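Student: sequence first, structure after; it's an experimental one.
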Amino acid sequence: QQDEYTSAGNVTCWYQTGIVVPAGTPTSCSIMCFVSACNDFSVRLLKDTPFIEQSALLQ
Amino acid sequence: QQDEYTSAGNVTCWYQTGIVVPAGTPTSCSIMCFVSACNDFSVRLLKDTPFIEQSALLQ
Amino acid sequence: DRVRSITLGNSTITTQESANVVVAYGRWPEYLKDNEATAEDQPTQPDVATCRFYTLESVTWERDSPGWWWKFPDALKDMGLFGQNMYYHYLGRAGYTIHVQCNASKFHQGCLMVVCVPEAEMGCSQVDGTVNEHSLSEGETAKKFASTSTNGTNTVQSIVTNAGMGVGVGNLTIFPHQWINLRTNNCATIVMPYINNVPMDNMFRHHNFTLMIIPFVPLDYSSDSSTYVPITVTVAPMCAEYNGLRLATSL
Amino acid sequence: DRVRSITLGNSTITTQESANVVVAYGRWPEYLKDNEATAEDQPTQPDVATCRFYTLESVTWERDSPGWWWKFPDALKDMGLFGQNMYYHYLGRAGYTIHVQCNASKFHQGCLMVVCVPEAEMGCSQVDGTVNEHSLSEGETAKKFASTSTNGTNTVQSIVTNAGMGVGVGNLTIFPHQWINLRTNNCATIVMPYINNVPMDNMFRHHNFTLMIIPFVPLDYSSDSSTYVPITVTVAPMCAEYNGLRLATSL
Amino acid sequence: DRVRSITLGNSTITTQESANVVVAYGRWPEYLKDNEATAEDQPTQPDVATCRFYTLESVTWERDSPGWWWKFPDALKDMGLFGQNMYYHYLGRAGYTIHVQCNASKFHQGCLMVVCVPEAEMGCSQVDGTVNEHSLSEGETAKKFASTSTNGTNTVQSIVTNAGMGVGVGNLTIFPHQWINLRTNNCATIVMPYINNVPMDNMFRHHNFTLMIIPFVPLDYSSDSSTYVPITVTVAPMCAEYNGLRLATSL
């Protein structure tokens, strides 16, 4: 639960040259992004998650 | 300073088959040409060059 | 794996999109040896002045092209010292390297067959008639197949399905051959040894082999791609020998 | 063979369509040693805070573009700690890795020359006049060549055929250089050592080398291919050294 | 490196543009051994009559396609002797090789995800309702996802973002999977072992795994390229075993 004190920065993307295509090709395209953790990664201090809930039993 | 006696011949270029392209591509193109000397090459009998000149001092 | 260079005499051919090389029957050209010779005079061997690449004239591959053929020799009788040596001697002998070139973009499509046929005796378009020499060969200019049956006097029956010889064209793969598939490669190369039933022969009287180029899949392209697509042939003799020097003949 | 990765500091460049790398005169950058030094104070070597890739602003390669140039240093005087170290010291020394990027489809065509020129002294478009500093360099923004002869006061004579220096542009291949041929590759990479006639120098007063980018074959495409094609530069200093610490100068 | 051949029984698959092969959890299929068996009768192992490639029906990938799924087994219950052996026995066991094919030109663009999901229990589009068997599977015909929320009785809630299971679709990468990127490759291949909590099971009652094919980047092309682009599935069982022979059941 990050605050001002434990911030970590930001990521940004820019055009270095640009997209060039020949005739007869679409001009718009898309990029996708995947995330994962490296081999130096760890966590601690177990807690309950805030993403699941109920109002009464039988759910 | 070559004359009839020390001539060396000529170079020419021709279409062997022809240029074929698909739809959506330019039909005209260009070729470029570079020149250099081989490892058996030498010169002699120094002289002044005719490519630089002046009419008076301070030039 | 796809790049190749071939050097002969003072001529050199490069290519970046070749498939492989075909050695006709696993036999490379070579000179005539002593236990197989019959003619007695000492022969001449020019050896760089004749064994080099000569380029013929190009043809235009159109959307409706049946095909082309050339006759060898007599397609090279006006090519420098090779032709001059042919004019002055009675007997000659040589093998060949043939190279066919045709380039196009990755948006064109088509398929050519390139085949060498030894002793391609041809038939006349009049059944009780015979061919003229002009109908078989125009020197460095190619003869042209037809798409339908032909008529006319002294001319070759040239409908492309029978290949001028009364066979099924799809069987011509029994001969030395390659394919030019426009999506795969851009050149074909065939090495052909001397093939005859006598050790030497006269180079004006006898056509040793015919080169045939036949499109099986027609040339096709779309909206604004290039329309002009040429085909080029280049042939180099190898291990050339001549016997029987006398005054120059005249046709 | 065509893939490459370059790591410097906390920055990394990948590429999948490179040709090779040019080491300017076979000499890699290196620090100044003792039997070649003249300045006596101990120098500072930041070593990861300065030696890393900085990316400049891009330009748009249009159908009628004469070309572009930058001056080094002074294109990097506002880039982080490298620039800050430049402001506070009297003497500096560094080599560089330059990387130029431009991608396009297999249906475009064009050819760029990428060249590094040491001590590119330039001429004024008024023969009995002199240049201003603004006319030689706009920092991280590129200056632009012309296609015809230029006029104006204090400005550089910038017709592209004479390259602002009174030579034939087609001879610029005597310098360290690469080509970007749109059908072959999409990036150029040049490694440049420190080249001067003294072991160190002041980084504000003296432009060590000029980077020039000149299209020889103009950009061309067909019906509905992409029209916007940018070019991007990225430079990383190497083996950076500074001497003579005092208060910060101001331009 | 990109070419591959797979042989099973009397069937063979070639490909020229593959990426690699995924072995689900590093475990290849294998027969049940003695220290893990519970059923006592000797089993039958047909071994070439069942372990071979069967090809299902194709689907058409349109500009607006949400996706497709199949259930295994019961997609192969009418495929020759594999299906016939399924009809006559109480217990069966098998692994699989799955191969997905989709080719297009270098001028198209799109991206498909191919994923195998064990025990894909699905939800109904009526919250206090249950699914019918027809809504889960149509044999060799694929079921189709939706792009919006669904209604109707006994049907599966099939909006593609929740994958019919109440999860985020972008997390399905936890399962065995590959991608077909139209610029990179043209086929995907997954090898799946037998995965259950008991050594054998009845092949009509229990769906072992679901095959899902989901386009993340939609199919797109320009002026006059081909519009029809199909996708094809081909599956081969491996190490097939059956126990408990009796009279043939009927659905």
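Tutor: Yep, that arrived. Numbers count the residues shown, from 1 in each chain, chains lettered A, B, ... in the order given.

Student: element containing the closest residue to chain A within the stretch 1-150 of chain C, please.
Tutor: Across the stretch 1-150 of chain C, the shortest distance to chain A (C-beta to the nearest C-beta) belongs to residue C:107, at 8.1 Å. All C-beta spots, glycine's among them, are computed from the backbone N, C-alpha and C. If you go by DSSP states H and E, residue C:107 is not part of any helix or strand.

Student: again, but for residue C:85
Tutor: In the assignment (DSSP H and E), residue C:85 maps to helix C:80-88.

Student: list the buried ones in stretch C:239-248?
Tutor: C:239, C:240, C:241, C:242, C:243 (16 or more other C-beta atoms under 10 Å in any protein chain shown).

Student: so which residue is smack in the middle of the chain?
Tutor: You didn't say which chain, so I picked chain A. With distances taken as C-alpha atoms, centre = their mean, residue A:35 lies nearest the centre of chain A, 6.1 Å away.

Student: ah, no, chain C please
Tutor: Most central in chain C (C-alpha atoms, centre = their mean) works out to residue C:211, at 3.5 Å.

Student: who's that residue bridged to?
Tutor: Beta-bridge partners of residue C:211, counted by DSSP bridges, are residue C:70, residue C:116.

Student: interface residues of chain C facing chain E?
Tutor: C:106, C:222, C:223 (C-beta under 8 Å from any C-beta of the partner chain).

Student: and the second one, that's in a helix?
Tutor: No - the assignment for residue C:222 (DSSP: H, G, I helix; E, B strand; the rest coil) gives coil, which keeps it out of a helix.

Student: check contacts around the residue of chain A positioned farthest from its centre.
Tutor: Going by C-alpha atoms, centre = their mean, the residue of chain A most distant from its centre is residue A:23, 34.8 Å out. Neighbouring residues of residue A:23 by C-beta atoms under 8 Å, 6 or more residues apart in numbering or on different chains: B:24, B:25, C:224, D:107, D:221, D:222, D:223, D:224, D:225.

Student: any idea how far the second one is from residue C:223?
Tutor: Read that as residue B:25. When distance is defined by C-beta to C-beta, to the nearest Å, residue B:25 is 10 Å away from residue C:223.

Student: who's more crowded, those two?
Tutor: Set residue B:25 next to residue C:223 and count neighbours by other C-beta atoms under 10 Å in any protein chain shown: residue B:25 wins out with 28 against 15.

Student: need the contact list for that one.
Tutor: For residue B:25, the contacting residues are A:22, A:23, C:105, C:107, C:224, C:225, C:226, D:107, D:222, by C-beta under 8 Å, 6+ apart.

Student: give me the neighbour count for the nearest residue to the first one once chain neighbours are set aside.
Tutor: The reference is to residue A:22. Among residues not flanking residue A:22 along the chain, residue D:107 sits closest, at 1.4 Å (C-beta to C-beta, 6 or more residues apart in numbering or on different chains). Using other C-beta under 10 Å, residue D:107 has 28 neighbouring residues.

Student: quick one, what contacts residue D:107?
Tutor: Going by C-beta under 8 Å, 6+ apart, residue D:107 touches A:21, A:22, A:23, A:24, A:25, B:24, B:25, D:221, D:222, D:225.

Student: now these in CSV, with distance to residue C:215 and secondary structure?
Tutor: Shown next, in CSV, are those (distance: C-beta to C-beta, whole Å; DSSP: H, G, I helix; E, B strand; the rest coil):
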residue, distance to residue C:215, secondary structure
A:21, 32, coil
A:22, 27, coil
A:23, 27, coil
A:24, 25, coil
A:25, 29, coil
B:24, 23, coil
B:25, 22, coil
D:221, 30, coil
D:222, 26, coil
D:225, 30, coil
